[PDB]
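Report on the structure given below.
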Number of protein chains: 2
Amino acid sequence: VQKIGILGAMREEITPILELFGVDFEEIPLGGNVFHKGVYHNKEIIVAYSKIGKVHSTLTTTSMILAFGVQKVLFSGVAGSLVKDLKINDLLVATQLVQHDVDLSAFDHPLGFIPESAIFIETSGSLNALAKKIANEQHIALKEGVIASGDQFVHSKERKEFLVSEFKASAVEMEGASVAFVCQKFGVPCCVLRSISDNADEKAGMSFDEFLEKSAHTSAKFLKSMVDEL
Amino acid sequence: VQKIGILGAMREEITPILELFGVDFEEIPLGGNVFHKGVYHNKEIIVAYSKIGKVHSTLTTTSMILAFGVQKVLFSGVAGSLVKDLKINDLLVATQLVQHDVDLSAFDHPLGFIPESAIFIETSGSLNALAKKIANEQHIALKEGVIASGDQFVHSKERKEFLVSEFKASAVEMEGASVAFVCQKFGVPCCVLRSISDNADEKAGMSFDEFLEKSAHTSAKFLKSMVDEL
Ligand SMILES: Nc1ncnc2c(CN3C[C@H](CCSCCOCCO)[C@@H](O)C3)c[nH]c12
Ligand SMILES: Nc1ncnc2c(CN3C[C@H](CCSCCOCCO)[C@@H](O)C3)c[nH]c12
């Protein structure tokens, strides 16, 4: 039997996931998260929001894998755009992710690097290829690129410029890299999907509140379309 | 029957732990960590190093709890001092911890705060009381204070002074807050002990390299004395 973990960071990001799947979910509390466990097209689906940021998302992903035995993890949510071609509501799949706020440069380590790890964490090529295939069938744009994750909500030109110069990131959020990292450590295939909610600039807070609902729904709808192919 | 999880961040922090306990350990790999499982004084001890930083430490602490069923978690390692009275080799027990690099100020949150959490994460009062009691009996100085944790190695006066002014922190490291946080989420008693390796200033890299071994041993020796009373 196939077991698939579906994650968002905020409750608002999983609201449309639960609604779009529409099946009956059993609620299972563990480690301060609530896991929604259902069956859909012969697959067991386990849905949770982690809460915001790297520690929360690391915890929840580890719980998904260890406690619920998922074989794939699909993340859905919203993100800040760092590139002109990614506009509000546009979808991006992360081919690599970085923890942009990691700094061990005192020991001459490059920014983003931690010993016994790597700057860039890879996601599943087979899932990313699937995303590309179905986006083409749907005639919807889907960009591929690097996503930068850190424990700050980015809302300045200066920090955007750093993310582009240092990591060639296309989008910024606070959980993708930690989710992808956990999945790498456990050998679990991962896809990270984001819809743009803001431009990570001085107006980001306002844009985020305006577009969270729609952008979350766009990501969630696409995630469902991926699960339909598994 | 009592099962105690014992964590460091770096391999060097657990070397003296394994040595001082002296017992045979079984090595169990899981999620990119190696867990050393042994029996000491009729208690079961599970020792691991997480690897550096908040994501690594969150993962490992969650694995310790879920996969190995530990009832308490004790963290031992080194830290940078932020206060004049904490000198190289001095011991500190963290009564609260903060993630000092968290910034959701774009939405008017205070620094360190994440929704559905708190700036300050509590450790176990009963374990901190035990530490104080033993330290007094041993005639060893043990400070109680706030530890700030983040994904940067701190090596500047400016950042030191921020940690003191913002959080009234006494020491800085990269894992304590995340370990204590996971333990809080699962309702597992936690104690975080650190020995000072450096002063978190421009000389910190050199001080760290010089004193890592001795400071790690000092922390490990004290952690063993706690386990002897559990
Ligand atoms: N520009 C940007 N920089 C960094 N990340 C993002 C993201 C992605 N998510 C949104 C969410 C923000 C949490 S704060 C809002 C809620 O606070 C109020 C609720 O109490 C966190 O999970 C990261 C969208 N735009 C971003
Ligand atoms: N001032 C300071 N700021 C933040 N943290 C600390 C700590 C506590 N630990 C040491 C270690 C980082 C060292 S990276 C060594 C270079 O990598 C060598 C392996 O390639 C990480 O686990 C945090 C001591 N002094 C500190």
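By order in the structure tokens, chains are A, B, ...; within a chain, residues start at 1; ligands start at 1, following the order shown.
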Do you have, as CSV, the list of residues of chain A lying at most 6 Å from chain B, each with its nearest atom pair and that distance in Å to one decimal, counting only C-alpha atoms and ordered by chain then number?
```
residue,atom,partner,partner_atom,distance
A:31,CA,B:186,CA,4.7
A:32,CA,B:185,CA,5.3
A:102,CA,B:151,CA,5.0
A:103,CA,B:152,CA,4.5
A:104,CA,B:153,CA,5.5
A:151,CA,B:102,CA,5.0
A:152,CA,B:103,CA,4.5
A:153,CA,B:104,CA,5.4
A:185,CA,B:31,CA,5.0
A:186,CA,B:31,CA,4.7
```
Resulting file, chosen residues, N, CA, C and O atoms, as a short mmCIF file (atom, residue, chain, number, x, y, z; two decimals), in the first residue's frame:
```cif
data_model
loop_
_atom_site.label_atom_id
_atom_site.label_comp_id
_atom_site.auth_asym_id
_atom_site.auth_seq_id
_atom_site.Cartn_x
_atom_site.Cartn_y
_atom_site.Cartn_z
N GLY A 31 3.03 15.04 18.94
CA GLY A 31 4.11 16.04 18.97
C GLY A 31 3.66 17.45 18.67
O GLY A 31 4.41 18.22 18.09
N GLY A 32 2.42 17.79 19.06
CA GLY A 32 1.90 19.13 18.85
C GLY A 32 1.37 19.39 17.45
O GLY A 32 0.97 20.53 17.14
N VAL A 102 22.06 30.02 7.22
CA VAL A 102 23.13 29.28 7.85
C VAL A 102 24.47 30.00 7.61
O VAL A 102 24.83 30.30 6.46
N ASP A 103 25.21 30.26 8.68
CA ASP A 103 26.48 30.98 8.59
C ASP A 103 27.53 30.42 9.53
O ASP A 103 27.57 30.77 10.73
N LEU A 104 28.39 29.58 8.97
CA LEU A 104 29.59 29.08 9.65
C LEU A 104 30.87 29.63 8.99
O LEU A 104 31.94 29.00 9.02
N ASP A 151 14.64 31.28 8.70
CA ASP A 151 13.71 31.58 9.79
C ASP A 151 13.35 33.07 9.88
O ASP A 151 13.02 33.59 10.95
N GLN A 152 13.36 33.74 8.73
CA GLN A 152 12.95 35.13 8.64
C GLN A 152 11.95 35.30 7.53
O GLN A 152 12.07 34.67 6.48
N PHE A 153 10.95 36.14 7.75
CA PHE A 153 10.07 36.55 6.65
C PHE A 153 10.81 37.66 5.94
O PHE A 153 11.11 38.68 6.54
N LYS A 185 17.56 12.65 4.49
CA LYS A 185 18.18 11.84 5.55
C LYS A 185 17.53 10.47 5.72
O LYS A 185 18.20 9.49 6.08
N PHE A 186 16.22 10.38 5.45
CA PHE A 186 15.50 9.12 5.58
C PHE A 186 15.33 8.35 4.26
O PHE A 186 14.74 7.27 4.26
#
```
Inset, instruction - Quick one: pick out all strand (DSSP E or B) residues within region 19-185 of chain A from a backbone DSSP run and write them as a ChimeraX atom specification. - result: /A:26-30,33-40,43-49,72-81,91-99,103,121-122,142-149,152,169-173
Inset, instruction - Pick out each residue of region 101-203 of chain A that DSSP on the backbone tags as alpha helix (DSSP H); I need them as a ChimeraX atom specification. - result: /A:125-138,157-167,176-186
Inset, instruction - Excluding region 189-192 of chain B and residues on its chain fewer than 4 positions from it, collect all residues at most 6 Å away from it, counting only C-alpha atoms, and give them as a count of residues only. - result: 8
Inset, instruction - Would you kindly return, as a list in words, each protein, DNA or RNA residue with an atom no farther than 6 Å from any atom of region 168-170 of chain B, considering only C-alpha atoms and excluding same-chain residues fewer than 2 positions away? - result: residues 82, 83, 145, 146, 147, 148, 163, 164 and 165 of chain B
Legend entry - Test item: residues at most 8 Å from residue 221 (chain B), only C-alpha atoms, excluding those fewer than 3 positions along its chain, as number ranges by chain: B: 16-17, 20, 217-218, 224-225
Once you have the residues from the selection above, write them out as a PDB file, in the first residue's frame, restricted to N, CA, C and O atoms.
```
ATOM      1  N   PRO B  16      33.605  12.141  24.863  1.00  0.00           N
ATOM      2  CA  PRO B  16      33.785  11.936  26.300  1.00  0.00           C
ATOM      3  C   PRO B  16      32.592  11.298  27.002  1.00  0.00           C
ATOM      4  O   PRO B  16      32.773  10.683  28.045  1.00  0.00           O
ATOM      5  N   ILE B  17      31.382  11.458  26.465  1.00  0.00           N
ATOM      6  CA  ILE B  17      30.208  10.792  27.024  1.00  0.00           C
ATOM      7  C   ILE B  17      30.351   9.285  26.884  1.00  0.00           C
ATOM      8  O   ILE B  17      30.190   8.547  27.845  1.00  0.00           O
ATOM      9  N   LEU B  20      33.249   8.122  29.231  1.00  0.00           N
ATOM     10  CA  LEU B  20      33.038   8.229  30.678  1.00  0.00           C
ATOM     11  C   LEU B  20      32.044   7.194  31.177  1.00  0.00           C
ATOM     12  O   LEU B  20      32.216   6.641  32.275  1.00  0.00           O
ATOM     13  N   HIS B 217      34.515  17.716  27.524  1.00  0.00           N
ATOM     14  CA  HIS B 217      34.732  16.768  28.608  1.00  0.00           C
ATOM     15  C   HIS B 217      34.129  17.265  29.928  1.00  0.00           C
ATOM     16  O   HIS B 217      33.529  16.504  30.685  1.00  0.00           O
ATOM     17  N   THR B 218      34.282  18.553  30.189  1.00  0.00           N
ATOM     18  CA  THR B 218      33.719  19.140  31.387  1.00  0.00           C
ATOM     19  C   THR B 218      32.193  18.991  31.419  1.00  0.00           C
ATOM     20  O   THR B 218      31.610  18.618  32.453  1.00  0.00           O
ATOM     21  N   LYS B 224      27.230  13.030  33.236  1.00  0.00           N
ATOM     22  CA  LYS B 224      27.312  11.704  33.856  1.00  0.00           C
ATOM     23  C   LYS B 224      26.920  11.765  35.337  1.00  0.00           C
ATOM     24  O   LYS B 224      26.196  10.910  35.811  1.00  0.00           O
ATOM     25  N   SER B 225      27.361  12.798  36.042  1.00  0.00           N
ATOM     26  CA  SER B 225      27.012  12.928  37.460  1.00  0.00           C
ATOM     27  C   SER B 225      25.499  13.084  37.642  1.00  0.00           C
ATOM     28  O   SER B 225      24.945  12.598  38.637  1.00  0.00           O
TER      29      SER B 225
END
```
Inset, instruction - Find the residue from A:223, A:188, A:79, A:64 that sits nearest to ligand 1; use only C-alpha atoms and all ligand atoms when measuring. - result: A:79
Legend entry - One-decimal distance in Å that lies between atom 15 (C, counted along the ligand's line) of ligand 2 and CA of residue 35 (chain B):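 Atom-to-atom, CA of residue 35 (chain B) and atom 15 (C, counted along the ligand's line) of ligand 2 are spaced 21.7 Å apart.
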